[PDB]
Amino acid sequence: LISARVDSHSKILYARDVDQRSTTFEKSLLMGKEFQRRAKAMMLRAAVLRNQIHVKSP
Amino acid sequence: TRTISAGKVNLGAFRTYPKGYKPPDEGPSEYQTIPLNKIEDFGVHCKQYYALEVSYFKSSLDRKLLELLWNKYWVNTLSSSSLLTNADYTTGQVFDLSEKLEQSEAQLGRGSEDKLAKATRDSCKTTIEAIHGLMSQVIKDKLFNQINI
Amino acid sequence: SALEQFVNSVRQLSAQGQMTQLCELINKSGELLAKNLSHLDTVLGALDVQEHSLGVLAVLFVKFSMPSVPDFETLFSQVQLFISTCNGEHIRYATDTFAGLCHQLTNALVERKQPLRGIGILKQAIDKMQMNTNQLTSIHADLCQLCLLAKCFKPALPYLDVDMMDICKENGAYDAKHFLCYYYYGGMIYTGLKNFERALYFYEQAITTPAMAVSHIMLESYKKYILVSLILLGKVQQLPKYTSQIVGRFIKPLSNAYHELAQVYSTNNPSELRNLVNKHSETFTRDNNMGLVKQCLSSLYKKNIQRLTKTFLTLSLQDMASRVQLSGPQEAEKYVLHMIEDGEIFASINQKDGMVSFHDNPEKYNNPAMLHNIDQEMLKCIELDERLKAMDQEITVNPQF
Amino acid sequence: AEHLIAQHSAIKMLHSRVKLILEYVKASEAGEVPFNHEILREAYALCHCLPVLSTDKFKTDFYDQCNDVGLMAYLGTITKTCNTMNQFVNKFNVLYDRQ
Amino acid sequence: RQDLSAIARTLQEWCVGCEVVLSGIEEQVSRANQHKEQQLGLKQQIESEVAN
Amino acid sequence: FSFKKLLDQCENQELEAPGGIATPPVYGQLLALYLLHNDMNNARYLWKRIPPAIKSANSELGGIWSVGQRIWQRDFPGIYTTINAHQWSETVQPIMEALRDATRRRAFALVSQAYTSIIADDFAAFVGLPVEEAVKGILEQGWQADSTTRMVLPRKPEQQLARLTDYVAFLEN
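*Asks:* Any chance you could break down the overall build of chain E for me, citing the residues and the numbers?
*Replies:* Scanning chain E from terminus to terminus reveals one helix and zero strands. Taken over C-alpha atoms, the radius of gyration comes to 23 Å for chain E, far larger than the 10 Å a tight globule of 52 residues would show. Taking the principal axes of its C-alpha atoms as reference, chain E extends roughly 80 × 5 × 5 Å. Counting across all 52 residues of chain E, residues that qualify as buried make up 29%. Only carbon and sulfur atoms are counted for the fraction: they give 48% of the accessible area of chain E, which is about 3500 Å².

*Asks:* So what about the packing of helix α5 (residues 72-86) of chain C against helix α7 (residues 117-127) of chain C? Which residues, and what values?
*Replies:* Residue and element names in this part refer to chain C. Contact pair α5 / α7: the axes reach a minimum separation of 9 Å and the direction vectors enclose 30 degrees. Taken as axis vectors, α5 and α7 run roughly parallel relative to one another. Pair α5 / α7 crosses with left-handed handedness. Side by side, α5 and α7 meet where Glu73, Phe76, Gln80, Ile83 and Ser84 of the first sit next to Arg117, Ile121, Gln124 and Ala125 of the second. Tallied by class, residues from the contact of α5 with α7 come to four nonpolar, three polar and two charged.

*Asks:* Provide a residue-level description of the pairing of strand β1 (residues 4-7) of chain A, including the pertinent values.
*Replies:* The pairing of β1 of chain A with strand β2 (residues 12-15) of chain A spans four bridges and is antiparallel. The residue of β2 of chain A that forms the bridge with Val6 of chain A is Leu13 of chain A. Hairpin connection, β1 of chain A to β2 of chain A: the antiparallel pair is bridged by four residues, and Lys11 of chain A has positive phi, about 60 degrees. Across two bridges, β1 of chain A lies against strand β1 (residues 312-316) of chain C in parallel orientation. Counterpart to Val6 of chain A in the pairing with β1 of chain C is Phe312 of chain C.

*Asks:* Kindly report on the pattern of salt bridges, identifying the contributing residues and their values.
*Replies:* Counted under the stated rule, the structure contains 26 salt bridges over all chains. Among the salt bridges present, the one from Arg92 of chain C reaches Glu170 of chain C, with a minimum N-O distance of 3.1 Å. Of this pair, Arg92 of chain C sits in the loop between α5 and α6 (95-112) while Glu170 of chain C sits in the loop between α9 (157-160) and α10 (178-193); the two residues are 78 residues apart in sequence, bridging distant segments of the chain. The class of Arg92 of chain C is buried, set by a relative accessible area of 12%. Ionic contacts of the salt-bridge type, sharing partners, join the residues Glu341 and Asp342 of chain C together with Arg74 and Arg106 of chain F into one network.

*Asks:* An account of the packing of aromatic side chains is needed here, citing residue identities and associated values.
*Replies:* On inspection of all chains with the given rule, the structure shows 27 aromatic pairs over all chains. Taken together, the ring pairs connect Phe179, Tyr182, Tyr183, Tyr190, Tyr201 and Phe202 of chain C into an aromatic cluster. Over the face of the ring belonging to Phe76 of chain C we find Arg117 of chain C, whose NZ or CZ atom lies 4.4 Å from the ring centre. The positively charged end of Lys80 of chain D is found above the aromatic ring belonging to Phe170 of chain F, 3.5 Å away from the centroid.

*Asks:* An account of unusual backbone geometry is needed here, citing residue identities and associated values.
*Replies:* The backbone of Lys11 of chain A sits at a positive phi, close to 60 degrees, despite the residue not being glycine. Locating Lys11 of chain A in the fold gives a position in the loop between β1 and β2. In this structure, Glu32 of chain D is a non-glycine residue whose phi angle is positive, near 70 degrees. Considering the arrangement of structural elements, one finds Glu32 of chain D in the loop between α1 (4-30) and α2 (37-48).

*Asks:* Can you lay out the interface of chain C and chain A for me, pointing to particular residues and giving the numbers?
*Replies:* Taken together, the contacts link 48 residues of chain C with 32 residues of chain A. Surface buried jointly by chain C and chain A totals about 3600 Å² across both partners, of which 60% is contributed by carbon and sulfur atoms. Between the two partners, chain C and chain A, sit four salt bridges. The salt bridge partner of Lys40 of chain A is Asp163 of chain C, with a shortest N-O separation of 3.5 Å. Taken together, chain C and chain A are joined by 19 residue pairs in polar contact.

*Asks:* Go over the interface of chain B and chain F with me, naming the residues and quoting the values.
*Replies:* Taken together, the contacts link nine residues of chain B with ten residues of chain F. With both chains or domains summed, chain B and chain F bury close to 840 Å², and 76% of this area falls on carbon and sulfur atoms. Together, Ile131, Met135 and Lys142 of chain B form the three largest contributors to the area buried by chain B at its contact with chain F, with a combined 48%. The interface formed by chain B and chain F includes one salt bridge. For the salt bridge of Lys142 of chain B with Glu158 of chain F, the shortest nitrogen-to-oxygen distance reads 3.4 Å. Between the two partners, chain B and chain F, sit three residue pairs in polar contact. Class assignment of the residues belonging to the side of chain B that touches chain F gives a composition of six nonpolar, one polar and two charged.

*Asks:* Account for a nonpolar patch on the surface, naming residues and giving values.
*Replies:* Taken together, the side chains of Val9, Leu11, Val54 and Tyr56 of chain B present a nonpolar region at the surface, about 420 Å² in accessible area. Within the secondary structure, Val54 of chain B is located in the loop between β2 (49-51) and α3 (60-77).

*Asks:* So what about the side chain of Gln145 of chain C? Which residues, and what values?
*Replies:* Residues and elements named next belong to chain C. Relative to the helices and strands, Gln145 resides in helix α8 (residues 138-149). Within the local environment of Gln145, its side chain forms a polar contact with the side chain of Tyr185, the two groups lying 3.4 Å apart. If sequence neighbours within four positions are ignored, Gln145 has contacts with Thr106, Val110 and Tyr185.

*Asks:* Go over the arrangement of the chains, please, and point to the residues and values.
*Replies:* Ranking by contact count across eleven pairs of chains in contact places chains A and C at the top. Between chain A and chain E there is no contact, and the shortest C-alpha to C-alpha separation is 22 Å. A gap remains between chain A and chain F, which never touch, and the nearest two C-alpha atoms on either side lie 15 Å apart.

*Asks:* Outline the sheet that holds strand β2 (residues 348-350) of chain C, supporting the account with residue identities and numerical values.
*Replies:* With mixed pairing, eight strands are arranged side by side in an open sheet as β2(A)-β1(A)-β1(C)-β3(C)-β2(C)-β1(F)-β3(F)-β2(F). With partners counted over all chains shown, the strands left at the sheet margins are β2 of chain A together with β2 (144-146) of chain F, one partner each. Here the strands of the sheet are splayed against their neighbours by 25 degrees on average, with no regard to which way each runs. The sheet strands contacting helix α8 (residues 120-127) of chain F are β1 (115-119) and β3 (151-153) of chain F, and the helix crosses β1 of chain F at an angle near 95 degrees.

Analysis parameters
Residues numbered from 1 in each chain as written, not as in the entry; some residues may be left out. Chains lettered and ligands numbered in written order. Part of a larger assembly, values for the part shown. Heavy atoms only, no water. Helix = DSSP H or I, 4+ residues; strand = E, 2+ residues; numbered from the N terminus. Rg over C-alpha atoms; globule rule 2.2 N^0.38 Å. Buried < 20%, exposed > 50% of the residue type's maximum accessible area, 1.4 Å probe, protein only. Areas by Shrake-Rupley, 256 points an atom, 1.4 Å probe, with all protein chains shown as cover. Axes fitted to C-alpha atoms, helices over the stretch in contact; angles between N-to-C directions. Parallel < 35°, antiparallel > 145°, perpendicular 65-115°, else oblique. Left-handed = near helix turned anticlockwise from the far one by under 90°. Contact = heavy atoms within 4.5 Å. Nonpolar A, V, L, I, M, F, W, Y, C, P; charged D, E, K, R; others polar. Pairing = 2+ DSSP bridges. Salt bridge = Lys/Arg side-chain N within 4 Å of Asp/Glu carboxyl O. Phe/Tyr/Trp six-rings, centres within 6.5 Å; stacked < 30°, edge-to-face > 60°. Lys NZ or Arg CZ within 6 Å of the ring centre and 35° of its normal. Buried area = accessible area lost by both parts, 1.4 Å probe. Polar contact = N/O pair within 3.5 Å; in protein donor to acceptor, adjacent residues only side chain to side chain. Patch = residues over 30% accessible without salt bridge, like charges linked within 9 Å, V, L, I, M, F, W, Y side chains within 5 Å.

Written out as structure tokens, the structure is:
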């Protein structure tokens, strides 16, 4: 939980705190993009089962 | 708080029924977002009463004054800004919305009838306001800022 | 006496309310169709050559014996004009041999010399077969097979970009591996172009497909899929729960040397990782995906530096060189530049002292820049709702409960 | 309709006022309509006193707000998509699928 | 009175702006009602399918 | 400017005209135009498609592929050496001069945002120009310059309502 970066040039330790704003924005894009990715997948997955697509054994 | 964000008079007038006789059938009753902390309390005693059909009137002087008043009240409409005014309703409704989804997510799983249909209507309700807010903002940026010198 | 009679039976059904009896003429044929059908295809192009051409072309390419003598330029220019602006309309209702027309034209051109023209023809073959929002036909699988081998991935991307729902069957006319082919080839297509995101997603849909037995495409997609996630990410991307049971049971431990790669990967030790690649050099080079395994060797170096951002904010080239293991301040300064130039890390260099400063700061969401992306990324979710709303209305009309 | 009704006829008042001043501005210079120094003076200010905030700071803040509202729309649209999705899912997973 | 047109023109651009928005509203207001009458009409077609 | 609309024409004539193999000058322009619009993956797989026949006969095509090596390797001084080498006028010499310019401002827009401080000699070779022209070119811009140590110091470089109303009417239904 040492939320702090290292300045090895002058050998100092600075506290690193979070940009609240950046955080909620950042993840919302990314999550939404994940949701979009699964939506692609389960749209094709609706199609493959609808067409009875599978490689049989015997 | 919603009169503001919704942008129109949010009001109601009700009368209760007797404890014994129970109401007739004809009742549509329009939906409004109820926070889950309160949804229970409402849900129990909600059907025990009936609303009243609201109407608004005015005098001659009132009507004539408000028309003379509007000569200088248009200024307040285009410097309105319903954002920091009622900031702590919209920021709160999120907390309400989050819970309503949390329920219907697990409702799909293991385990009051489809609480995503409510939450969908709440997510629109609350955001519909947030968007309407930014309509009057851009309307102003168009007006007063973009003249050049 | 018999072969010159039913050339008129096609034209009589043509320009009518019903051509469903033409669905039985193309299926019958007579098996042993004589050399004579070369003539019958010349006094023919009346309305727009009819489905007659399809019945003829199906028999030519399924000779499997002397294409049409070494005059296969006559055989190609024959198919060239049919696929172009003749098209027809009711190709949709006869994908039985039309799917097969594109399969045989492909299979030959593959082992012949090269299909660089063969790609151009196969594009328009898809366009009047699929109607609206792209429909996953067997031709998509072939179009990739052509433009994979013929080193020209450019033209197939128009169709690879759209994630077409709805599998085009029509008279069956679809195979349990022509699904795997498209998403296997497609995956490799993007892999070379280095669109690793889309590449991974393609291989993924191959591994999902249900299979009571272990098909041979599914093993290869998995092996390369392993490499993609180790370059794109620094770790193993997990699959859906609905992946075929034959995958986790058999296919996974069958591709063991690639999990064994990830084994060393998570330790962040390139020198050790390299000694694994040299041991199973065979196993990797056997599958012709060596290089991509060596792209992981580089992405680990790039992961190593990516971590430094979280710890140090000012670091020396020499310090970095010693910590990343590349040795010498140049090799350090090198990947700094490249990662920056590309845009994997936010950093800069002060050569005077000889130090690396980590900017560590992208964007503050304070401008149209996001606003536009916010508008666009959102419109793609609304685009997604539009599909689902239509797909919900599709279910409306069907049987009861 | 029930929101922009406010702005519509409110800005009608703004346009009514702003135009009728400019009618006096054109006619004063054109002549015959009494020339007045101490009214036209305030107009010189009024019109150049516009560019109502084009300060590098201000617009940043304006866009700061817009992006916030935008985030809320992106999440709100995902919600509606998510419901419309599950509307479709259940209807597919019962009629097509055998539970 | 030298540059009374320099005062007039700046006023015109605002009078233009007033129209820019006024008409811009009436389009978007008539369209938000049209998209409501688009869906209300299209949702009556969805419900009438069930009568079969 | 117009190289975009003209590159489109070249790519078409690859699959359009020939039974497979396109014209030798058409290969010379497709390779160099991919380098112009920094598409090294496209430039890599284009080179591997060429038959060994045209490769050996058309030896100027090798001089264009020698450029692509340096863009892949990112030996920026090597790029400017290989651009100033083969004169293929009419066909390629016009797009070779445009190639050197796109690589220059790439390496300037790069170096500006990649370096707080940098050596003048490296900076010179990274953009291509000599020591003096580099030292001058930046002093016009207002970049800080340092004598003695030879260290350049880079300076780092309805419409709206229609969109909104839709997002209302959409969520509204």
